[PDB]
Amino acid sequence: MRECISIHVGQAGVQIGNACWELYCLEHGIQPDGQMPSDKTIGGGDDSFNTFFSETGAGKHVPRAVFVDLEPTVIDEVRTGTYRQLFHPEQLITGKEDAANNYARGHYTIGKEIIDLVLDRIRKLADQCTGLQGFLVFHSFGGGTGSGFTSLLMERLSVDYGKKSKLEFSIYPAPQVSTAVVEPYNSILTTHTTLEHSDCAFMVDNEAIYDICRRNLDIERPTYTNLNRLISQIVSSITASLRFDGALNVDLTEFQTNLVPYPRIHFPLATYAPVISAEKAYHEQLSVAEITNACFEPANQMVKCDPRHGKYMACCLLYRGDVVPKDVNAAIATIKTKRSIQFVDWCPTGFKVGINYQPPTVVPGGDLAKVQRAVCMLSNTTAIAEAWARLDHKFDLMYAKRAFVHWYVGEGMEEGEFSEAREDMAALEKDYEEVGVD
Amino acid sequence: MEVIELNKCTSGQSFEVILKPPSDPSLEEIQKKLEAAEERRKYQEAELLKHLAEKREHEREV
Amino acid sequence: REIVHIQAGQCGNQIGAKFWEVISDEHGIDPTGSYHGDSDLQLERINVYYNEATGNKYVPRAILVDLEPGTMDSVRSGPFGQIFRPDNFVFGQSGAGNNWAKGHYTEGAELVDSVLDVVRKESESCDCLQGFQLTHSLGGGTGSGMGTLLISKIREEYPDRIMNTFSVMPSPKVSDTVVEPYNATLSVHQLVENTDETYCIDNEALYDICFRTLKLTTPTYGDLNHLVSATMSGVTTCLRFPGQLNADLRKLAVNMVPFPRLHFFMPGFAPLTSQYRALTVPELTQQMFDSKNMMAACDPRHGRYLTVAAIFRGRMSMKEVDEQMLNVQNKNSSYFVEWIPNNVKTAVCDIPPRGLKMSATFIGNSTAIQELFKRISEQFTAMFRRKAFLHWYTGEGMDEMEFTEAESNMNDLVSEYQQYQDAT
Amino acid sequence: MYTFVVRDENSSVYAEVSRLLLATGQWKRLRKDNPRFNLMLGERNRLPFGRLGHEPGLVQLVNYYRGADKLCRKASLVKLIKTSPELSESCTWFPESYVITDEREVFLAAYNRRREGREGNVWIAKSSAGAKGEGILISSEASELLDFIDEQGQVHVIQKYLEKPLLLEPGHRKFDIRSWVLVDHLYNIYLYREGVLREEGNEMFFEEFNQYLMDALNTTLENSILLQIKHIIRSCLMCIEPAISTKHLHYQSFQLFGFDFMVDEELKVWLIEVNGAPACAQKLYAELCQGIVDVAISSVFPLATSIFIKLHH
Ligand SMILES: O=C(Cc1ccc(-c2ccc(OCCN3CCN(C(=O)CC4CC4)CC3)cc2)cn1)NCc1ccccc1
Ligand SMILES: Nc1nc2c(ncn2[C@@H]2O[C@H](COP(=O)(O)OP(=O)(O)OP(=O)(O)O)[C@@H](O)[C@H]2O)c(=O)[nH]1
Ligand SMILES: Nc1nc2c(ncn2[C@@H]2O[C@H](COP(=O)(O)OP(=O)(O)O)[C@@H](O)[C@H]2O)c(=O)[nH]1
Ligand SMILES: [Ca+2]
Ligand SMILES: [Ca+2]
Ligand SMILES: [Ca+2]
Ligand SMILES: [Ca+2]
Ligand SMILES: [Mg+2]
Ligand SMILES: [Mg+2]
Ligand SMILES: [Mg+2]
């Protein structure tokens with residue numbers, strides 16, 4: 001068994017990690033006190049679920065997780081919450097004052113003075129690993145911590161764990177949901193400085209999740225809890241292969257192998273269906289064909305783009321629930337005969353499929369209804385470059401006037417970094433274009 | 006459209022379907053840049069405090 | 002995240018006393034410092052402005068400063084006189100004579116160390132200080148000169164802490180002396196260098212609101228300070244109550260100040276009081296963006312909004328609020344810069360103020376704030392070109408050169424605003 | 001009220017559209033680059049489709065269909081007609097065309137075949153970059169064409185020339201027909217009931267052409283020509299609907315199309331080309347643009372007969 005370490009950085013990362021570990025505990029039948037009655041492996045075991053939990057002598061299942069923020073109220077809620085005794089104190093690392101939505105503050109100024117402690121606490125977990133696969137890094141593109149400190153931590157995890165995959169779960173900034181205005185800067189900077197250290201990154205646009213919660217959960221004012229529980233639904237469907245018996249995506253290396261032929265283009269679009277309100281009295285449950293078809297409606301994508309204008313490089317369909325291969329194959333035939341799905345000329349036009357029979361687990365009292373089958377599709381399509389374009393454009397509009405730049409320069413950064421990162425983004429944008437159009 | 010590499014198990018199964026075939045920086049450099057940013061910060065702060073010292077000279081003069 | 006409050010001079014102390022009255026009422030603290038409220042939403048963020056004392060009394064983290072004891076006599080006698088820490092009344096006996104030089108260079112310098120001692124002893128008891136707020140006028144001598152000197156000293160001692168001010172601009176329509184444009188002009192330069200955010204409260208606007216809108220024929224300073232305290236409560240609402248975002252002074256400043264020198268904000272409030284009608288969200292937004300509801304006497308249509316923040320307070324539908332905000336913007340979108348995407352943000356606080364079932368506080372960083380500085384400048388020049396009244400300042404050690412420099416720095420600041428008003 | 005922008009000053013049709021929109025009293029024209037808009041009258045090259053529909057609380061409409069260039073460029077049109085099963089391998093209404125994935129051998133083979141048959145070999149060389157008159161080269165000798173084809177910069181297409189066109193005989197005159205089609209956000213296909221034949259300005263409206271057919275050939279425009287025209291419009295637009303439809307997208311699209319046909323002597327309609335940014339007849343700008351406002355814009359942004376044949380499907 002090949003362990004994985006989860007690192008949640010910043011407010012978005014910490015809260016999404018709260019959601020993810022709540023869902024993981026529910027799915028594995030682990031109580032808030034860390035006891036797993038079904039684990040007859042008291043004190044140890046090579047079980048697949050041990051890839052994310054370590055076992056104590058007293059039957060406690062403790063996440064291989066690290067929570068880090070530059071201010072502590074977000075993690076204080078963790079320390080005083082339902083799963084307070086799931087974690088042990090050293091996993092929860094917090095500072096005194098935060099990066100104030102400033103990439104420079106989180107990367108250079110305050111990051112320098114907590115990085116050694118965080119890496120020590122991470123090594124203390126890596127030492128408890130007979131063999132370590134790597135890390136799942138959760139963070140926001142927008143916050144000062146989640147961008148700056150995340151890029152620093154990635155840069156030096158590459159040095160300290162250079163033979164170990166690093167996967168990102170990144171929240172893409174959405175004006176509707178955010179308090180800030182300088183997030184184009186932080187996103188561009190963190191992406192530029194982290195790209196060479198991230199093997200596979202799953203971007204989630206707060207706009208897409210917000211509109212999904214509005215339309216399909218009938219919630220006019222979604223809270224961060226709604227969006228985060230949906231996000232963990234997707235994250236759990238992604239990581240089930242690592243936490244469960246299977247043959248597809250059992251290795252963090254396999255995520256890259258199956259989804260990332262070009263290291264720079266390592267941002268797979270995620271689509272998920274079905275999302276159904278728990279307030280719906282009765283719902284006509286959807287078929288394998290209806291959910292697989294939904295995997296191609298942009299309204300279900302974690303980022304709003306049009307895959308029709310763009311080419312696929314890879315595709316994984318990950319089903320949970322009552323699903324059989326022949327229904328999947330029928331549906332794939334039907335959809336190919338009716339939808340625009342163009343691959344690059346130098347990649348097989350096919351789908352790698354995985355199936356957990358266990359139906360999706362949903363939080364009791366949440367806004368998501370139980371369903372006997374669900375699917376998450378991971379497709380590396382060039383259309384996601386639209387999300388880059390948008391962001392880049394916003395960047396260009398502000399930096400043309402150097403608006404807000406003094407806040408970064410005041411913390412030690414230089415405009416040279418701004419322009420260097422932006423040129424990296426331009427290179428990535430037409431890298432997508434070259435692979436993408438004719 | 007061929008089905009391929011089918012593996013099964015008590016908790017699921019996996020396979021592939023094909024519809025057409027085809028046609044790092046060292047630590048020294050992280051450190052020696054974080055420290056450069058810090059020294060730029062220190063220069064900015066030094067210039068600020070020297071400007072303040074100038075104003076205190078002026079206040080005494082007045 | 003603790004905040005340290007400082008109020009200097011007559012206007013500063015009067016406005017600060019009103020602010021503490023208002024927010025003590027909102028947080029349920031009585032004049033003795035004992036809590037007698039009816040919700041824990045009143046207390047979750049109470050350490051921001053209050054220290055916990057023996058017996059778990061709450062004492063404002065406020066330092067009261069004046070060069071004469073009058074206003075602080077009245078404060079220590081007034082409604083909430085006995086809540087302020089006795090050590091934190093720091094006063095001299097002479098006064099500043101509405102003279103910037105006396106407050107900054109002569110009389111003030113004799114007391115600034117004494118004030119900084121109390122500032123330090125308040126900062127030491129802070130788990131993590133997020134910054135300072137100062138209340139003062141720019142048209143007098145103590146507030147104006149001594150507060151700018153204090154700001155300089157605080158920056159020296161706390162160079163990496165946020166310094167924000169509520170600064171009352173002078174206006175001839177409500178004036179104490181003719182040398183107000185001088186003092187103001189000299190203070191503004193200081194602010195341009197040494198404040199992260201300065202909320203420009205123009206007495207011209209306060210008087211015009213109290214007269215034309217509230218229909219008060221003879222407004223007193225109390226009637227203007229009512230509005231000022233309402234605005235101050237509104238501005239600080241997001242830090243004092245728990246339902247809101249997670250931003251310290253530094254984060255809010257980071258997102259509201261695109262350029263270092265252009266950090267002078269136009270406050271605004273709605274509805275205007277001194282009634283029982285339930286005010287609707289559309290009316291709140293319309294009044295909030297109406298120039299007649301703003302504390303700086305500038306026309307926002309003569310400039311452009313760099314950033315805008317609005318804090319609604321009361322039980323309302325965030326959907327309706329956010330539709331009406333998007334209305335007022337997408338409608339009149341020629342007054343928002345296109346090079347700062349999504350520069351309008353709105354917060355809603357489930358707790359209302361007292362007397363009002365729905366209120367909106369408007370914080371706008373607009374280039375139209377020019378119009379104030381040019382006003383002051385004009386007044387300044389109108390006298391300085393004849394050296395008029397300069398003998399009041401030369402007699403305290405100042406040189407004409409300094410007046411010329413202060414005039415030039417503010418004419419520069421006006422020019423900088425013009426630069427970002429034409430940009431496309 | 002509603003807001004819109006104009007990123008193409010050169011568009012006569014949408015120039016009129018914006019003028020009338022403003023005259024309605026419920027539309028505000030923003031500056032070219034303002035993002036807070038309800039409608040974009042966009043540019044013709046690199047329209048930033050990727051930046052639409054991400055504006056909180058704004059319904060955004062644009063006057064162009066992403067992917068519609070597959071139909072509006074002769075190389076792309078030829079590829080689409082040849083490959084897509086929706087259109088036959090050789091549908092009966094598009095000239096024998098070859099774009100020179126390169127088909128030089130195939131056009132050479134068929135041109136030798138017609139060489140030996142000795143009864144039809146006139147072809148035409150043209151490109152999607154013809155400079156409003158320049159670029160066309162009709163030739164009986166196709167060696168001439170191919171030689172200069174390679175003596176030209178961009179890609180070219182070789183169609184079979186209409187040797188025996190219909191002639192407006194009071195003058196022995198060759199002509200082509202222009203039809204205007206609007207596709208709204210729902211993908212309703214509305215054909216403009218007034219076309220033109222390319257009399258003043260060498261422009262003949264449908265009433266005159268219809269009367270001429272009635273008197274001379276004892277037929278009518280509808281039966282002889284317009285049924286085929288509607289069929290071809292419907293075929294072309296239904297073929298690409300899955301690729302371009304904005305039914306379930308974060309932004310919506312409508313577009314005006316100009317279809318160029320010509321007619322052989324047997325009264326058989328052929329498709330010449332599809333133009334994605336068509337002009338309009340001078341006398342009908344006022345009617346057509348009003349129809350666009352009614353059907354494509356106010357349909358989405360409502361205020362408080373028809374000039375269009377709805378080509379149902
Ligand atoms: O700056 C001051 C005064 C001040 C200035 C600016 C702001 C500000 C306000 C709102 C905002 O965005 C908030 C929008 N979001 C709210 C959450 N939303 C969600 O959807 C939740 C999501 C779905 C789950 C919508 C979006 C940013 C900034 C606030 N306050 N300082 C006080 C002070 C001044 C001087 C001296 C001392 C103190
Ligand atoms: N989906 C989701 N996004 C969040 C959450 N919290 C914050 N964000 C996003 O993160 C962005 C700002 O970064 P934050 O996570 O708030 O803060 P940070 O990254 O930790 O940086 P600091 O504030 O300095 O600590 C905003 O644009 C939000 O959209 C969350 O709980 N869920
Ligand atoms: N809003 C308001 N402004 C005042 C008040 N008192 C004085 N001012 C203004 O501030 C200036 C006088 O400043 P003052 O309060 O005397 O401060 P000092 O002169 O430094 O002690 C005058 O130009 C007035 O316009 C007040 O109570 N409220
Ligand atoms: Ca086990
Ligand atoms: Ca690596
Ligand atoms: Ca003395
Ligand atoms: Ca001393
Ligand atoms: Mg944070
Ligand atoms: Mg006075
Ligand atoms: Mg054409």
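Protein chains in written order, with PDB author numbering: chain A, 1 to 438; chain E, 6 to 28, 44 to 82; chain B, 2 to 42, 45 to 277, 282 to 431; chain F, 1 to 100, 125 to 222, 257 to 362, 372 to 380.
Using N, Cα and C, we set each Cβ at its ideal position, and we do this for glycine too.
- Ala389 (chain A) beta carbon less than 8 Å from that of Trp346 (chain B): Locating residue 346 (chain B) in the third sequence gives position 339, counting from the first residue. Locating residue 389 (chain A) in the first sequence gives position 389, counting from the first residue. No, Cβ-Cβ distance for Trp346 (chain B) and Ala389 (chain A) is not below 8 Å.
Open item on the list: Less than 8 Å between the C-beta atoms of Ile115 (chain A) and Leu157 (chain A), yes or no?
Closed with: Locating residue 115 (chain A) in the first sequence gives position 115, where the first residue counts as 1. Locating residue 157 (chain A) in the first sequence gives position 157, where the first residue counts as 1. In this structure, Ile115 (chain A) lies away from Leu157 (chain A), with their beta-carbon atoms at least 8 Å apart.
Practice task
With a threshold of 16 other CB atoms inside 10 Å of the CB of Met1 (chain F), please say whether the residue is buried or exposed.
Solution key: Here residue 1 (chain F) refers to the residue found at position 1 of the fourth sequence. Exposed, by the Cβ-count rule.
Exercise. Any Cβ of chain B within less than 8 Å of the Cβ of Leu58 (chain F)?
Worked result: Numbered from 1 along the fourth sequence, position 58 holds the residue referred to as residue 58 (chain F). Closer than 8 Å to some Cβ of chain B, the Cβ of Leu58 (chain F) qualifies, so yes.
Open item on the list: Taking CB distances under 8 Å as the criterion, tell me whether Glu74 (chain E) reaches chain B.
Closed with: Position 54 of the second sequence, counted from the start, is the residue given in the question as residue 74 (chain E). No, because no Cβ of chain B sits closer than 8 Å to the Cβ of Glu74 (chain E).
| said: Are there any heavy atoms of ligand 3 lying less than 7 Å away from the beta-carbon of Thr145 (chain B), as far as the coordinates show? | reply: Numbered from 1 along the third sequence, position 142 holds the residue referred to as residue 145 (chain B). Yes; taking the cut-off as 7 Å, the Cβ of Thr145 (chain B) has a heavy atom of ligand 3 nearer than that.
Quiz item: Mind pulling the alpha helix (DSSP H) runs of 4 or more residues that sit fully within the segment 85-159 of chain A?
Solution: Listed in chain order, the complete alpha helix (DSSP H) runs (minimum 4 residues) inside the segment 85-159 of chain A are 115-126.
- Check whether the Cβ of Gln136 (chain B) sits closer than 7 Å to any heavy atom of ligand 1, and report yes or no. The sequence position of residue 136 (chain B) within the third sequence is 133, counting from 1. Yes, ligand 1 has a heavy atom inside 7 Å of this Cβ.
Below-8 Å beta-carbon distance, residue 250 (chain F) vs any chain B residue:
Missing from the coordinates: residue 250 (chain F), inside the break in chain F from 222 to 257.
Could you please give the first and the last residue of the uninterrupted alpha helix (DSSP H) stretch that includes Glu55 (chain E)? Translated into positions along the second sequence, residue 55 (chain E) becomes position 35. Taken as a continuous stretch (DSSP letters only), the alpha helix (DSSP H) holding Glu55 (chain E) covers 47-81.
Coarse secondary structure for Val260 (chain B), derived from DSSP in three states: Here residue 260 (chain B) refers to the residue found at position 257 when the third sequence is read from its first residue. Collapsing the DSSP output to three states places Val260 (chain B) in coil.
(message) Looking only at its chain, what residues have a beta carbon closer than 6 Å to the beta carbon of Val288 (chain B), apart from the 5 residues adjacent to it on each side?
(response) For the purposes of this step, residue 288 (chain B) is taken as the residue at position 281 of the third sequence. Same-chain partners within the cutoff: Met323, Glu327, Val328, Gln331.
- Which residues have their C-beta within less than 6 Å of a heavy atom of ligand 10, listed in chain order? Checking every Cβ against the heavy atoms of ligand 10 under 6 Å gives F:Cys72, F:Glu331, F:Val332, F:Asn333.
Inter-stretch contact at 8 Å, needing at least 3 Cβ pairs: the segment 253-267 of chain B / the segment 47-56 of chain B = The segment 253-267 of chain B is not in contact with the segment 47-56 of chain B.
Problem set entry | Residues from the segment 58-69 of chain E in contact with chain B, defined by Cβ distance under 9 Å | Result list: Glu65, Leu68, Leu69.
Q | Three-way DSSP call (helix, strand, coil) for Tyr270 (chain F) in this model | A | By 1-based counting over the fourth sequence, the position of residue 270 (chain F) is 212. Residue state, collapsed to three classes: helix.
- Would you call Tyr319 (chain A) buried or exposed, if buried means 16 or more other Cβ atoms sit within 10 Å of its Cβ? Taking the first residue of the first sequence as position 1, residue 319 (chain A) is located at position 319. Flag for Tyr319 (chain A) reads buried.
For chain F, check one thing: does any of its Cβ atoms lie closer than 8 Å to the Cβ of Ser340 (chain A)? Against the first sequence, residue 340 (chain A) aligns to sequence position 340. Interface annotation, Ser340 (chain A): in contact with chain F, CB-CB separation under 8 Å.
Next item on the list: Tell me whether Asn416 (chain B) sits in a helix, a strand or coil according to DSSP, three-state version.
Entry: Counted from its first residue, the third sequence places residue 416 (chain B) at position 409. Helix.
What residues match up with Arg29 (chain F) in a beta bridge as DSSP calls it? The residue given as residue 29 (chain F) occupies position 29 in the fourth sequence. Bridge partners of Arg29 (chain F): F:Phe4.
| query | At what residues does the alpha helix (DSSP H) containing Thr151 (chain B) begin and finish? | reply | The residue given as residue 151 (chain B) occupies position 148 in the third sequence. Taken as a continuous stretch (DSSP letters only), the alpha helix (DSSP H) holding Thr151 (chain B) covers 150-160.
By Cβ distance, which residues of its chain are closer than 6 Å to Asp218 (chain A), with the 5 residues on each side in sequence left out?
Taking the first sequence and counting its residues from 1, one reaches residue 218 (chain A) at position 218. Sequence-distant partners of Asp218 (chain A) (beyond 5 residues in either direction) whose C-beta falls short of 6 Å from its own C-beta, in its chain, are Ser277.
Next on the checklist: Any beta carbon from chain B within less than 8 Å of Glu77 (chain E)'s own beta carbon?
Outcome noted: Numbered from 1 along the second sequence, position 57 holds the residue referred to as residue 77 (chain E). No, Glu77 (chain E) does not count as interfacial toward chain B.
For this session: Identify whether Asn300 (chain A) lies in helix, strand or coil by the three-state DSSP scheme.
Result: Your numbering for residue 300 (chain A) matches position 300 in the first sequence. DSSP places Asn300 (chain A) in the helix class (H, G or I) of the three-state scheme.
Checklist entry - Quick one: any contact between the segment 231-241 of chain B and the segment 56-73 of chain A, if contact means 3 or more CB pairs under 8 Å? => result Remark: fewer than three beta-carbon pairs, one from each stretch, lie closer than 8 Å, so the segment 231-241 of chain B and the segment 56-73 of chain A are not flagged as touching.
Item checked: Three-way DSSP call (helix, strand, coil) for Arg264 (chain A) in this model -> Here residue 264 (chain A) is taken as the residue at index 264 of the first sequence, counted from 1. Of the three classes helix, strand and coil, the one that applies to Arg264 (chain A) here is coil, per DSSP.
Beta carbon proximity, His139 (chain A) to chain B, threshold 8 Å: As a first step, residue 139 (chain A) must be located in the first sequence, where it is residue number 139. By the rule that beta-carbons nearer than 8 Å mark a contact, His139 (chain A) does not touch chain B.
Length of the line joining the Cα atoms of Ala430 (chain B) and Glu411 (chain A)
Numbered from its first residue, the third sequence carries residue 430 (chain B) at position 423. Numbered from its first residue, the first sequence carries residue 411 (chain A) at position 411. Spanning the two alpha carbons is a distance of roughly 27 Å.
Query raised in the report: Just how far apart, CA to CA, sit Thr253 (chain A) and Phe135 (chain A)?
Result: Start at 1 with the first residue of the first sequence, and residue 253 (chain A) comes out as number 253. Start at 1 with the first residue of the first sequence, and residue 135 (chain A) comes out as number 135. Answer to the nearest angstrom: the Cα atoms are 11 Å apart.
Please tell me whether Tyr185 (chain A) and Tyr83 (chain A) are closer than 8 Å, where the distance is taken between their beta carbons.
Start at 1 with the first residue of the first sequence, and residue 185 (chain A) comes out as number 185. Start at 1 with the first residue of the first sequence, and residue 83 (chain A) comes out as number 83. Not closer than 8 Å, so no.
Answer yes or no: does any C-beta atom of chain A fall closer than 8 Å to that of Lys52 (chain E)? The residue given as residue 52 (chain E) occupies position 32 in the second sequence. Answer no: the Cβ-Cβ gap between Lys52 (chain E) and chain A never drops below 8 Å.
Quiz item: Is any beta-carbon of chain E found at less than 8 Å from that of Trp346 (chain A)?
Solution: Working through the first sequence from its first residue, we reach residue 346 (chain A) at position 346. Interface residue, yes.
With distance defined between alpha-carbon atoms, name the residue in A:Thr334, A:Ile355, A:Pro307, A:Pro360 nearest to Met6 (chain E). Mapped onto the second sequence, residue 6 (chain E) falls at position 1. Just measuring C-alpha positions, the residue of A:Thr334, A:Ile355, A:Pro307, A:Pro360 sitting nearest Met6 (chain E) is A:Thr334.
So what does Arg373 (chain A) bridge to, in DSSP terms?
Against the first sequence, residue 373 (chain A) aligns to sequence position 373. When beta bridges are read from the DSSP output, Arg373 (chain A) appears opposite A:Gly321.
Worksheet item: Can you tell which of F:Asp126, F:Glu129, F:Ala68 has its C-alpha closest to the C-alpha of residue 458 (chain A)?
Response: Any property of residue 458 (chain A) remains undetermined from this structure, which presents chain A solely from 1 to 438.
- Using a Cβ-Cβ cut-off of 8 Å, state whether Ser158 (chain A) counts as contacting chain E. Reading the first sequence from its first residue, position 158 is the one you call residue 158 (chain A). Yes - at least one Cβ of chain E is within 8 Å of the one on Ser158 (chain A).
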